[PDB]
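below you'll find the sequence and an experimental structure to go with it.
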Amino acid sequence: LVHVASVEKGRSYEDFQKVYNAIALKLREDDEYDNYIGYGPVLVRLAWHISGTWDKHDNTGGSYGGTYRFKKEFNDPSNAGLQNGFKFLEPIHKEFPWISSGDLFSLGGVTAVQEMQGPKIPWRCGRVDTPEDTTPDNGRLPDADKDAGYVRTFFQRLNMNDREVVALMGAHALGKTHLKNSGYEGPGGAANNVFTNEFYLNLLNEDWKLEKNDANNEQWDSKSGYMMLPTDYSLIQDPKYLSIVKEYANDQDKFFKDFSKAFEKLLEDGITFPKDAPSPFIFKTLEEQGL
Ligand code: HEM
């Protein structure tokens with residue numbers, strides 16, 4: 001399999017910037033969602049999920065084909081709750097129908113991040129919708145009840161090393177877990193709609209208590225009212241992960257640089273960018289444009 005990036009016919013930077021602005025304006029307006037968290041989080045999750053199905057071995061999965069739009073994928077149990085981000089984007093797609101699905105799902109993720117004060121994430125267009133039969137089977141997304149070995153192992157399928165994994169996981173500071181969705185419940189910290197290194201701080205400074213929740217699943221709960229999944233917790237159990245957590249707990253910039261590179265890589269896995277391809281775009285935030 002080769003997925004070559006193909007620019008949507010005749011579109012350019014400015015075209016993309018408008019999709020971005022549209023997404024951002026909607027994020028701004030629909031702030032009541034999930035009790036005032038806003039849709040930032042969910043979109044980030046969405047972007048990650050359409051991309052985590054990737055298999056470095058045979059190049060199936062990944063964000064290129066927008067397969068999430070098909071039943072198989074859309075109905076994947078690991079994707080429960082994502083339908084709300086989809087619905088959020090639907091009107092957008094209506095407004096700019098020439099954008100591919102994979103471009104759109106991934107763009108929301110980027111938009112989200114940057115709108116929530118995170119770092120700028122360069123992004124590339126070119127994804128191409130693929131047929132229903134390209135939709136990967138369910139089960140390619142990781143489980144939360146495991147440990148560090150699982151995580152290392154899992155992420156390797158995506159070519160991500162230890163540093164990437166830890167950076168990437170720092171997104172856990174956002175939003176929260178929801179009972180109905182994954183059998184987990186609770187936020188991980190206080191600023192759950194603004195992008196910070198809070199994740200790492202929490203993991204290191206709170207006093208975590210292992211407990212079972214209402215779905216009969218175990219989770220690490222803190223006095224402050226926060227939670228961490230076992231997979232999150234596992235970043236402190238592994239010596240190698242641990243030193244990284246510590247690094248980011250100490251330097252928000254490092255964290256941002258690292259996250260930025262990783263997230264893009266994550267969203268570009270399995271895609272071949274030809275030579276003539278435009279460079280990656282760096283979008284302006286609403287605020288940068290005074291809108
Ligand atoms: C071991 C790896 C991962 C596991 C097992 C994990 C699994 C989960 C779980 C169980 C949920 C809660 C869903 C719900 O009930 O709403 C979720 C929340 C979330 N996931 Fe992950 N995830 C991990 C990797 C990632 C990474 C790489 C990203 C993005 C870079 C990410 C971003 C998020 C976000 C932003 C939320 C909050 C969603 C909301 O507020 O609706 N996670 N994670």
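Right, received. Where do you want to start? Numbering: from 1, shown residues only.

residues from the stretch 101-250 of the chain in reach of the ligand?
Near the ligand, the residues belonging to the stretch 101-250 of the chain are 142, 144, 151, 168-169, 171-172, 174-178, 181-182, 184, 229, 231 when assessed by C-beta under 6 Å from any ligand atom. C-betas here are computed from N, CA, C, even on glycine.

can you say which of those residues are buried?
Buried subset of these (neighbour count, 16 or more other C-beta atoms under 10 Å): 144, 151, 168-169, 171-172, 174-177, 181-182, 184, 229, 231.

what's the closest non-adjacent residue to the closest residue to the ligand within the stretch 51-200 of the chain?
When distances are taken as C-beta to the nearest ligand atom, the stretch 51-200 of the chain reaches nearest to the ligand at residue 175, 1.7 Å away. If the residues on either side of it in the chain are set aside, residue 175 comes closest to residue 41, at 3.1 Å by C-beta to C-beta, 6 or more residues apart in numbering.

what about that neighbour, neighbour count?
Number of residues near residue 41 (other C-beta atoms under 10 Å) recorded here: 22.

and it, what element?
According to DSSP states H and E, residue 41 maps onto helix 40-51.

check whether that helix contacts the ligand.
Yes - Helix 40-51 reaches the ligand (C-beta under 6 Å from any ligand atom) through 41-42, 44-45, 48.

isn't the residue of the stretch 51-200 of the chain closest to the ligand right up against residue 39?
No - Residue 175 lies out of contact with residue 39 (C-beta atoms under 8 Å); the separation is 9.5 Å.

my guess is residue 177 contacts residue 186. True?
Yes - at 5.7 Å, residue 177 and residue 186 qualify as touching, with contact defined as C-beta under 8 Å.

shared neighbours, the two?
Taking C-beta atoms under 8 Å, 6 or more residues apart in numbering as the contact rule, the neighbours common to residue 177 and residue 186 are 219, 227.

following the helix holding residue 41, which helix or strand comes up?
Downstream of helix 40-51, the first helix or strand assigned by DSSP H and E is helix 71-74.

buried set for that following helix?
Within helix 71-74, the residues that qualify as buried are residue 73, counting by 16+ other C-beta under 10 Å.

just give me how far whichever helix or strand comes after it sits from the chain centre.
From helix 71-74 onward toward the C-terminus, using DSSP H and E, the following helix or strand is helix 83-95. Relative to the mean C-alpha coordinate of its chain, helix 83-95 is positioned 17 Å out (C-alpha atoms, centre = their mean, to the nearest Å).

any idea how far residue 13 is from the residue nearest to residue 175?
Residue 41 sits at a distance of 27 Å from residue 13 (criterion: C-beta to C-beta, to the nearest Å).

go on, residue 257?
Look at residue 257 and residue 13: by C-beta to C-beta, they are 23 Å apart.

residue contacts, residue 263?
If you count contacts by C-beta under 8 Å, 6+ apart, then residue 263 has 109-110, 113, 121, 168 around it.

and stretch 207-226, how far apart are its ends?
With C-alpha to C-alpha, to the nearest Å applied, stretch 207-226 spans 10 Å between its terminal residues.

tell me which residues are up against it.
Here stretch 207-226 makes contact (C-beta under 8 Å, 6+ apart) with 145, 177, 179, 183-190, 202, 206, 227-230, 232-233.

in it, which residues are buried?
Along stretch 207-226, the positions that meet the burial threshold by neighbour count (16+ other C-beta under 10 Å) are 208, 213, 217-222, 226.

ok, stretch 8-22 next?
Within stretch 8-22, the residues that qualify as buried are 8, 11, 16, 19-22, counting by 16+ other C-beta under 10 Å.

now for those residues, which pair is the farthest apart?
Distance extremes for the buried residues of stretch 8-22: the farthest pair is 8 and 21 at 17.0 Å, using C-beta to C-beta.
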